[PDB]
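Secondary and tertiary structure notes
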Amino acid sequence: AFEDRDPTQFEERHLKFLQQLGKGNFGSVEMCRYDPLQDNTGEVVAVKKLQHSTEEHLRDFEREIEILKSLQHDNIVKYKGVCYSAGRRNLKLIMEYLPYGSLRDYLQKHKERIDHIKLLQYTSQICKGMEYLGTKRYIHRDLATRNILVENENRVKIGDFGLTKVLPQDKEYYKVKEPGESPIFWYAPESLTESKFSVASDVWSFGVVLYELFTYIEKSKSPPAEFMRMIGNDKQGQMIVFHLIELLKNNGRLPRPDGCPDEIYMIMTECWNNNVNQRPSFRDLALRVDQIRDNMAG
Ligand SMILES: CC1(n2cnc3cnc4[nH]ccc4c32)CCN(S(C)(=O)=O)CC1
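Residues numbered from 1 in each chain as written, not as in the entry; some residues may be left out. Heavy atoms only, no water.

As summarised from the PDB record, the model derives from X-ray crystallography at a stated resolution of 2.25 Å.

Around the ligand sit 15 residues in total, of which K23, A46, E96, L98 and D160 are the nearest. Measuring from an oxygen atom of the ligand, one finds a backbone N or O atom of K23 at 3.3 Å. A distance of 3.2 Å separates a nitrogen atom of the ligand from a polar atom in the backbone of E96. A total of 460 Å² of accessible area belongs to the ligand in isolation, and the protein chains cover 91% of it. Those elements that place two or more of their residues in the shell around the ligand are β1 (15–24) and β5 (92–96). Among the elements that take part in the shell around the ligand, β1 stands out by supplying four residues, more than any other. The residue makeup of the shell around the ligand, split by class, is seven nonpolar, four polar and four charged. If you count residues domain by domain, the shell around the ligand takes at least three from each of domain 1 (1–97) and domain 2 (98–294). (Near = heavy atom within 4 Å. Polar contact = N/O pair within 3.5 Å; in protein donor to acceptor, adjacent residues only side chain to side chain. Areas by Shrake-Rupley, 256 points an atom, 1.4 Å probe, with all protein chains shown as cover. Helix = DSSP H or I, 4+ residues; strand = E, 2+ residues; numbered from the N terminus. Nonpolar A, V, L, I, M, F, W, Y, C, P; charged D, E, K, R; others polar. Domains from an automatic or database assignment.)

Moving on, we get to the UniProt feature "binding site: ATP" in the chain. As recorded in UniProt, the sites labelled "binding site: ATP" are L21, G22, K23, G24, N25, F26, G27, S28, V29 and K48. Looking at the secondary structure, you find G24 in strand β1. Taking the relative accessible area as the measure of exposure, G24 reaches 23% and is therefore partly exposed. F26 gets classed as partly exposed once you look at its relative accessible area, which sits at 36%. Not counting residues within four places of it along the chain, the set of residues in contact with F26 comprises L50, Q51, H57, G162 and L163. (UniProt positions renumbered as here; feature names shortened; annotations may be inferred. Buried < 20%, exposed > 50% of the residue type's maximum accessible area, 1.4 Å probe, protein only. Contact = heavy atoms within 4.5 Å.)

With 78 residues, the main nonpolar core has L103, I126, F185, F206, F214 and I264 as its most contacted residues. Tallying contributions element by element places helix α6 (residues 199–215) first for this core, with nine residues. Formed jointly, this core draws a minimum of three residues from each of two domains, domain 1 (1–97) and domain 2 (98–294). The residues touching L103, leaving out its near neighbours within four places in the chain, are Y122, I126, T145, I148, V150, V156 and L213. Counting eight residues, the second largest nonpolar core, distinct from the first, contains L15, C32, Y34 and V45. (Core = buried A, V, L, I, M, F, W, Y, C linked by side-chain atoms within 4.5 Å.)

Taken in spatial order, the five strands of this open sheet run β1-β2-β3-β5-β4, and their pairing is antiparallel. Among the strands making up the open sheet, the edge pair consists of β1 and β4 (79–83). Pairwise comparison of adjacent strand axes, ignoring direction, gives a mean angle of 30° for this sheet. Relative to β5, strand β3 (residues 43–50) runs antiparallel, the two sharing four bridges. When the sheet's bridge partners are listed, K48 is paired in β5 with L93. Along the sheet face, helix α1 (residues 55–70) touches β3, β4 and β5 and points at about 30° away from the line of β5. (Pairing = 2+ DSSP bridges. Axes fitted to C-alpha atoms, helices over the stretch in contact; angles between N-to-C directions.)

In this section: the domain arrangement of the chain. Taken as a whole, the chain is organised into domain 1 (1–97) and domain 2 (98–294). Taking only C-alpha atoms into account, the centre of domain 1 sits 27 Å from that of domain 2. At the interface, 18 residues of domain 1 touch 22 residues of domain 2. Taken over both partners, the interface formed by domain 1 and domain 2 buries close to 1800 Å², and the fraction arising from carbon and sulfur atoms is 58%. If you sort the residues of domain 1 by the area they bury against domain 2, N25, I67 and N75 come out on top, with a joint share of 31%. In this structure, the connection of domain 1 to domain 2 is made through two salt bridges. Taken together, the connections running from domain 1 to domain 2 amount to nine residue pairs in polar contact. The element that contributes the greatest number of residues to the side of domain 1 that touches domain 2 is α1, accounting for four residues. Within the side of domain 1 that touches domain 2, the residues separate by chemical class into seven nonpolar, six polar and five charged. (Buried area = accessible area lost by both parts, 1.4 Å probe. Salt bridge = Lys/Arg side-chain N within 4 Å of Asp/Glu carboxyl O.)

The next thing to look at is the pairing of β1. Regular strands show a simple pattern: their side chains alternate between the two faces of the sheet. Where β1 meets strand β2 (residues 27–34), eight bridges bridge the pair, whose relative direction is antiparallel. Looking across to β2, one finds that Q20 is bridged to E30. Remark: two residues form the turn of the hairpin made by β1 and β2, two consecutive strands paired antiparallel; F26 in that turn has positive phi of roughly 30°.

Rendered as structure tokens:
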């Protein structure tokens with residue numbers, strides 16, 4: 001006898017591994033098939049599992065799952081459910097499978113299908129996803145083309161909410177002192193110096209995403225390569241951070257990509273403002289981008 005009142009619970013025995021897809025924040029995403037009829041008419045899903053798990057990490061994973069579940073938007077990756085694997089003594093996150101993978105990889109592998117109009121289309125979509133995120137007071141903390149997904153030519157979706165934080169109701173920034181490796185070449189100055197994350201710091205990072213888009217992931221032009229080149233490729237360890245901070249605090253910036261219109265570089269530049277409160281909002285950004293796109297079409 002059987003009654004299914006929870007389609008967000010995926011049965012372990014019907015979830016079959018197909019392929020590995022890629023690493024994400026403290027974990028790993030794999031391509032799986034969910035086939036509860038064993039007739040091979042089921043759907044392909046993306047499944048995230050933790051790597052090197054612990055009690056703390058599992059609790060974080062649980063918060064990420066609830067964050068993802070709370071989100072419903074065309075430009076945010078779809079939550080599908082959970083799988084309580086290991087005879088219900090483990091946790092896995094079930095997500096939609098997006099065939100073209102990360103935007104970073106897609107930009108590199110399909111340059112022939114990409115032009116400025118498309119880049120702006122994606123820029124717009126990312127902004128709108130981020131508008132949506134702000135309505136829930138979620139601070140993403142890891143905006144980057146590696147964490148943006150491509151559904152098709154005409155649509156991208158924000159992913160990896162593994163670092164995402166919810167603003168504590170009475171505050172406008174979240175201070176997160178954390179051990180291990182941070183993606184420093186996407187961090188706002190106050191995130192580097194004070195560990196302070198906010199909607200504004202996501203706007204900073206979006207500026208770096210916009211840069212990424214107009215470099216087409218050329219290699220040698222990536223934020224890390226550029227910053228390291230500016231800082232000195234010799235530098236190791238903490239010295240890297242010291243010089244990046246100093247560099248940013250005194251107006252050192254990623255250069256304008258070759259072929260990038262002045263107007264688009266201006267947007268990057270405004271996002272990269274040391275004055276947190278002078279940065280534009282995601283709503284300002286989507287409107288400006290869409291107005292550029294609308295004014296270009298002729
Ligand atoms: C590479 C990626 N991926 C490649 N093909 C995919 C297909 N579907 C996916 N769903 C979620 C991620 C994902 C895919 C899996 C890992 N990430 S993440 C956001 O976890 O850092 C980027 C996307």
